[PDB]
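Below is one structure, written out as structure tokens; the observations come after it.
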Amino acid sequence: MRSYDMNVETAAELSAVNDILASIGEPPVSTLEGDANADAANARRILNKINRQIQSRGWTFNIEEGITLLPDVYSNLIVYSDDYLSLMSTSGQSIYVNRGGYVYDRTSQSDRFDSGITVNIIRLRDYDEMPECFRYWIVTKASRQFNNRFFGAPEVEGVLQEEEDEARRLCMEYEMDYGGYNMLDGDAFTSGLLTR
Amino acid sequence: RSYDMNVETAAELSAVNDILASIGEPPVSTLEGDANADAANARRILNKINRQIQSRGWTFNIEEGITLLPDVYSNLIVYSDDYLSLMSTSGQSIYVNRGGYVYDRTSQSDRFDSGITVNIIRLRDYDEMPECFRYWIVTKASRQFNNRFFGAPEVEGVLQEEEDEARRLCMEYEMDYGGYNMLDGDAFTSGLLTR
Amino acid sequence: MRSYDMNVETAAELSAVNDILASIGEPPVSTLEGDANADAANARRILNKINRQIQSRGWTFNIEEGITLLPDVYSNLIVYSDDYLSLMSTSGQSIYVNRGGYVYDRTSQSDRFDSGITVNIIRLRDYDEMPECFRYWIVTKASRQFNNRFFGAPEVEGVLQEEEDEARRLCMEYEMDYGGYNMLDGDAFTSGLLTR
Amino acid sequence: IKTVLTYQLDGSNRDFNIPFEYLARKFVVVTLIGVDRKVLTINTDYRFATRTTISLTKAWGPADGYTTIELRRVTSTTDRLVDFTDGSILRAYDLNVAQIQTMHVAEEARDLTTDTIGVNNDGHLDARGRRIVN
Amino acid sequence: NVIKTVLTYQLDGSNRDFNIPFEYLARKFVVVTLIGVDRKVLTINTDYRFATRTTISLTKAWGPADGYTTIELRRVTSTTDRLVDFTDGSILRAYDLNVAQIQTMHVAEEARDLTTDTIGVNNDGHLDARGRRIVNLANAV
Amino acid sequence: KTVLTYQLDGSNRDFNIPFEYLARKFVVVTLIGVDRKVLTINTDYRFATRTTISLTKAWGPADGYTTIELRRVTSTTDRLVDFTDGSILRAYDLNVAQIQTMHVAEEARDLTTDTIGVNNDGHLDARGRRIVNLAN
Amino acid sequence: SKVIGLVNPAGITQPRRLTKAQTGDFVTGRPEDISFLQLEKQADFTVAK
């Protein structure tokens with residue numbers, strides 16, 4: 001699992017942590033570098049956990065379709081990184097699983113590939129790379145879980161529950177606007193049915 | 001922090017820290033030494049929940065047509081403790097566990113000249129689970145850890161909501177992975193579709 | 001009634017007792033050997049009780065159909081052991097009861113048999129011999145009863161009530177998947193009706 | 001002293017001793033060597049009868065197709081047993097375990113001679129009946 | 001057994017993005033070399049780019065027409081120059097302890113994965129030369 | 001490099017050891033003759049300086065041993081730095097703790113390269129040895 | 001004309017069991033968990049027609 005605390009702090013990640021800290025009434029921190037601040041370290045850990053969780057759900061902007069994963073030419077192994085939040089087939093039933101940290105074809109019972117496989121994959125991205133609406137939802141959900149675990153204030157719980165629902169709604173609006181899905185001509189089955 | 005690093009952390013230690021964070025406790029740096037009851041309890045529950053969710057049965061983890069070879073001399077097939085589910089490939093299952101060995105209840109025999117083919121679920125590591133399934137295991141483990149070793153009832157309601165969402169996202173993973181179709185993917189209707 | 005505490009502990013039975021102990025927040029024990037631990041001894045007794053109770057309910061995997069019980073050639077008695085959780089006839093109304101620890105034919109009013117009888121029998125099995133889902137249900141039900149009897153925590157009672165229902169549900173899913181029951185061609189009556 | 005050692009296989013035996021020190025049980029890898037190489041699983045194929053021995057659940061031998069068993073220590077490099085967290089009490093046990101885990105990988109690093117050609121008494125390069133590819 | 005610090009991919013002449021599975025402390029610790037008739041090492045900013053922390057993007061597509069069948073991604077962590085050096089007056093930090101441990105692990109890991117720089121057994125029971133010449137074999141008998 | 005040799009027929013004892021070592025037990029001195037002789041420290045060689053080893057006796061090619069090998073073998077089991085709680089954490093001890101593993105890794109990079117290695121041309125440089133028992 | 005089976009992810013019915021089943025098979029599940037996407041345009045359909 002990718003280390004969240006081992007790289008440079010971005011402005012957005014520092015802002016995200018300060019937003020999470022504010023949810024229980026903690027004052028903002030100037031830097032994310034270790035100053036023995038347990039609350040900030042707890043906030044960043046939940047921020048990473050929520051960042052992985054919402055990205056793993058799958059969205060049009062973050063689902064990579066038709067990606068080729070290449071094997072090692074001398075070991076014929078394709079690595080299944082822990083940063084692969086979801087690995088699927090491009091169509092039909094999926095056949096690839098994680099076995100020992102490498103891609104495994106469960107139908108053929110083999111982990112050896114002579115050529116790249118084409119998969120529908122979600123790869124973990126930085127919180128900085130998320131759309132603004134998705135960043136807000138991640139922070140809102142992280143703030144809600146942060147308050148639940150380390151403060152537990154019931155009044156804060158109720159408001160953050162409402163804010164997450166609104167934040168998820170606005171991410172749902174982003175998903176459809178980005179998606180541009182059409183059931184007539186953008187549909188896999190119906191589009192063929194419209195030919196006269 | 002200088003340098004643009006790319007490093008990982010152990011997922012089990014991260015999972016345990018998520019379980020400990022759920023009840024408000026500081027994370028631990030390590031999970032060995034056998035002298036930490038929090039580490040022992042959280043790790044045990046995480047293994048218990050990981051084992052239990054895998055035993056439910058999913059398209060990615062139900063291995064179909066697996067051959068289990070008998071011993072060449074005793075003709076016994078070991079029924080492993082790590083066999084979360086063992087069933088026949090089709091119809092009614094006929095194999096049960098009898099004294100740690102596969103037993104054919106219909107023929108009443110532990111002896112097998114050749115390997116049998118079964119629909120088997122074999123325990124996998126928490127590392128080999130999909131991210132959504134890792135999240136559900138951790139959330140479910142955090143829920144029972146609070147119920148057994150913290151006991152705060154406001155935490156219970158929160159973790160009940162989280163696990164319900166954690167299971168729903170796992171259910172969406174099952175359908176996306178399964179890719180099931182009732183017209184052509186169906187075992188029975190596909191035959192009815194021939195003209 | 002089989003003694004639960006007189007044999008060597010298995011790893012699964014050690015795991016089960018510690019899971020039951022965890023339900024009220026008791027720390028795990030290294031062994032089930034006598035250390036004057038009343039809680040662990042109580043947990044094992046409830047574990048055995050729940051193990052007998054769920055197995056006696058009857059499932060495709062543990063219901064043995066067509067089993068022959070042989071009599072003693074010189075006494076013509078077939079023993080009705082306490083490990084026979086259920087003893088039925090293969091079809092129709094059952095005729096065999098327990099009378100003095102031996103099989104008794106209530107219709108013929110005799111306990112003497114010149115040859116083996118064919119019965120539908122449930123025989124007690126080790127908790128180690130249970131399917132994984134059934135082991136989880138046994139532990140969940142044992143943990144619920146353990147808390148009710150020896151701690152009585154009402155918050156723990158509610159959660160284990162929900163856990164047992166989910167545990168029983170997944171055991172019902174196992175039993176249907178294991179059974180593979182069909183009402184068309186696997187049906188005793190309807191399959192005859194399908195012949196043209 | 002060696003982190004990798006091999007035992008000959010007979011149908012009689014199921015117990016094999018571990019000479020080396022391992023931090024975790026998953027660091028020990030059990031493999032059957034014959035015409036085919038097969039990695040064994042922690043519980044279905046074997047177990048840890050004690051800390052220093054492995055008991056196979058099934059006996060193996062020439063009939064099964066494997067004449068030798070290999071007990072190898074593979075300490076994890078990516079998954080580290082110690083990760084120092086900010087605001088955590090710095091314990092000497094954490095520092096020692098982090099030092100031992102890198103030691104174990106480096107100790108296995110000086111045992112690649114078994115997975116290499118090796119030299120003869122004459123000083124040649126002895127491929128133990130193995131093809132050279134690429 | 002299987003090397004995790006050296007990754008080599010087939011060059012098709014049209015793909016320019018290659019995955020980095022292994023951890024690394026610095027981008028300089030990642031060495032990109034094209035293999036073929038010769039082994040040509042690439043430069044950090046003129047021959048390739050770090051598109052993401054796990055992805056290397058080549059500026060130009062290389063293939064057998066260019067004389068390069070494979071591309072190699074290998075971690076070479078510095079042994080003489082440690083990224084973390086503790087001083088008598090410095091606050092001990094979790095990040096500093098993590099980096100010091102991980103660098104030592106990577107140096108040990110690169111040593112344990114040195115079957116690449118020799119003839120070692122691959123996944124199969126075959127000694128692998130990994131696409132390089134066994135020079136100076138001279139006469140055989 | 002962790003392995004280096006000196007061949008000195010004339011009367012000489014001093015050998016400047018190139019590799020850095022943490023303990024004197026890590027440096028092992030052997031005589032490469034018809035059969036190798038492992039030499040104990042007290043009887044055979046003194047550390048006149050941390051950089052220089054003064055091997056008692058000539059041990060020249062007049063005897064069969066000819067050249068002398070200076071090998072570094074860092075002990076994996078024994079750790080020079082063992083952290084204990086209640087002891088002042090020293091920057092020296094934190095630094096040396098990493099170094100011992102690095103020294104073992106350095107010794108590993110030479111043991112594997114000894115039997116067969118890779119030259120500066122990116123090719124596997126044989127020493128003029130036939131590939132015997134090779135299977136087709 | 002498109003048939004889309006909507007499976008409730010909060011439910012307990014698995015299309016893995018539904019598709020592999022034969023006719024007459026007994027399967028765990030609830031009919032409420034399985035639904036189908038339906039075009040709800042009848043009011044507009046009547047106006048257009």
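No hydrogens, no waters, no symmetry mates; every other heavy atom, side chains included, goes into these values. Each chain gets a letter, A, B and so on, in the order its sequence line appears, and its residues count up from 1.
- Judged purely by atom type and a 3.5 angstrom limit, D:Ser76 uses its side chain to pair as donor or acceptor with the backbone of D:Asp79.
- Under the 3.5 Å distance criterion, the side-chain polar atoms of C:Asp126 are left unmatched by any main-chain donor or acceptor of C:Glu129.
- The backbone N or O of D:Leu56 lies less than 3.5 Å from a partner atom in the side chain of D:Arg14, making a donor-acceptor pair.
- Side chains of C:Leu14 and C:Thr10 form no contact here, defined as non-hydrogen atoms less than 4.5 Å apart.
- Defined by atom type and a distance below 3.5 Å, a donor-acceptor pair is missing between the side-chain atoms of B:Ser55 and C:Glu132.
- Side-chain atoms of B:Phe60 and B:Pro130, non-hydrogen and from C-beta on, do get closer than 4.5 Å to each other.
- The backbone N or O of B:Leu31 lies less than 3.5 Å from no partner atom in the side chain of B:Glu12, so there is not a single donor-acceptor pair.
- Remark: the backbone N or O of D:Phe16 is paired with a side-chain donor or acceptor of D:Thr53 at under 3.5 angstrom.
- With 3.5 Å as the limit, one finds a donor-acceptor pair spanning the side chains of C:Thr31 and C:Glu9.
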Audit row: C:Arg123, C:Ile67, side chain to side chain contact (heavy atoms under 4.5 Å, CB included) steps and yes/no: CA-CA 11 Å; C:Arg123 301 187 270 231; C:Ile67 290 317; 3.4 Å; yes
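- Heavy atoms only, all atoms of each residue included: B:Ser29 and D:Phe84 are closest at OG-CA, 3.9 Å.
- A donor-acceptor contact shorter than 3.5 Å links the side chain of C:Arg135 to the backbone of C:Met130.
- Here the side chain of D:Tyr7 pairs a donor or acceptor atom with the backbone of D:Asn17 at under 3.5 angstrom.
- Between D:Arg73 and D:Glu21, none of the side-chain N atoms (NZ, or NE/NH1/NH2) sits under 4.0 Å from a carboxylate O, so this pair counts as no salt bridge.
- Contact record, C:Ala142 with C:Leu47: CB-CA, 4.1 Å, taken as the closest heavy-atom pair.
- Using modelled atom types and a 3.5 Å distance limit, the side chains of B:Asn50 and B:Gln54 yield a donor-acceptor pair.
- For the pairing with C:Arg144, the salt bridge (charged side-chain N to carboxylate O under 4.0 Å, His left out) check across C:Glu166, C:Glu162, C:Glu157 returns one residue only, C:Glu157.
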Checking side chain to side chain contact (heavy atoms under 4.5 Å, CB included) for the pair D:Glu70/D:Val29: CA distance, chi angles, key distance, verdict? CA-CA 8 Å; D:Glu70 175 208 279; D:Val29 186; 5.6 Å; no
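- With hydrogens and angles ignored, the 3.5 Å screen pairs a side-chain donor or acceptor of D:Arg91 with a backbone N or O of D:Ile89.
- To the nearest 0.5 Å, the span separating CG on B:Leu84 from OH on C:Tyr174 amounts to 10.5 Å.
- Taking every heavy atom of both residues into account, B:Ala42 and B:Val16 meet most closely at CB-CG1, 4.0 Å.
- Note on ring orientation: taking the six-membered ring where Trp is involved, the planes of C:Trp59 and C:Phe134 are perpendicular (angle over 60°, cut-offs 30° and 60°).
- A salt bridge does not link D:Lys2 to D:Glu108: none of the charged side-chain nitrogens sits closer than 4.0 Å to a carboxylate oxygen.
- Residues B:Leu159 and B:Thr139 form a side-chain contact, since some pair of their non-hydrogen atoms from C-beta on lies under 4.5 Å apart.
- Listed for the C:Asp35 side chain is no donor-acceptor partner under 3.5 Å among the backbone atoms of C:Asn37.
- Under the 3.5 Å distance criterion, with hydrogens and angles disregarded, a donor-acceptor pair is assigned to the side chains of F:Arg79 and D:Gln99.
- A cation-pi arrangement is found for D:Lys58 relative to D:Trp60, the charged atom lying closer than 6.0 Å to the ring centre and inside a 45° cone about the ring normal.
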Verify side chain to side chain contact (heavy atoms under 4.5 Å, CB included) between D:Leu23 and D:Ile100, making sure each step is shown before the conclusion. CA-CA 8 Å; D:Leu23 294 168; D:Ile100 297 145; 4.0 Å; yes
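- Within the 4.5 Å cutoff, the side chain of D:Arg72 has no heavy atoms near those of the D:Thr31 side chain.
- The shortest side-chain heavy-atom distance between B:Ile49 and B:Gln144 falls under the 4.5 Å cut-off.
- Using a 4.5 Å heavy-atom cutoff, the side chains of B:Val28 and B:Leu20 are in contact.
- Pairing each heavy atom of B:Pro70 with each of B:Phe112, the nearest pair is CG-O, 3.2 Å.
- Looking only at side-chain heavy atoms (C-beta outward), B:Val102 and B:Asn97 stay at 4.5 Å or farther from each other.
- One side chain, C:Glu175 or C:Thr60, offers a donor N or O that lies under 3.5 Å from an acceptor on the other.
- The two residues D:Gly11 and D:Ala59 make their nearest non-hydrogen contact at O-CB, 3.3 Å.
- Ring to ring, D:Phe48 and D:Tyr22 are close: their centroids are under 6.0 angstrom apart.
- Not a single donor-acceptor pair under 3.5 Å links the side chain of D:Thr44 to the backbone N or O of D:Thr41.
- In summary, B:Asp18 and A:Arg45 do not engage in a salt bridge, as defined by a charged side-chain N under 4.0 Å from a carboxylate O.
- Just one residue in the list C:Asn48, C:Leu124, C:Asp83 forms a side-chain contact (heavy atoms from CB on, under 4.5 Å) with C:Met1, and that residue is C:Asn48.
- Minimum interatomic distance between B:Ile19 and B:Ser142 (heavy atoms only, all atoms of both residues): CA-OG, 3.3 Å.
- Between B:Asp81 and B:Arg51 there is a salt bridge, since at least one side-chain N of the basic residue sits less than 4.0 Å from a carboxylate O of the acidic one.
- Note on C:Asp165 versus C:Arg168: no salt bridge recorded, every NZ/NE/NH1/NH2 to OD/OE distance being 4.0 Å or above.
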Report the C-alpha distance between B:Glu163 and B:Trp136 in whole Å, list the side-chain angles of each, state the deciding distance to 0.1 Å, and finish with yes or no for side chain to side chain contact (heavy atoms under 4.5 Å, CB included). CA-CA 6 Å; B:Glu163 196 207 306; B:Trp136 184 20; 3.5 Å; yes
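- Using a 4.0 Å cut-off between charged nitrogen and carboxylate oxygen, B:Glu32 and D:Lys26 do not count as a salt-bridge pair.
- Residues D:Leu71 and D:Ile54 are in side-chain contact: their nearest non-hydrogen atoms beyond the backbone lie under 4.5 Å apart.
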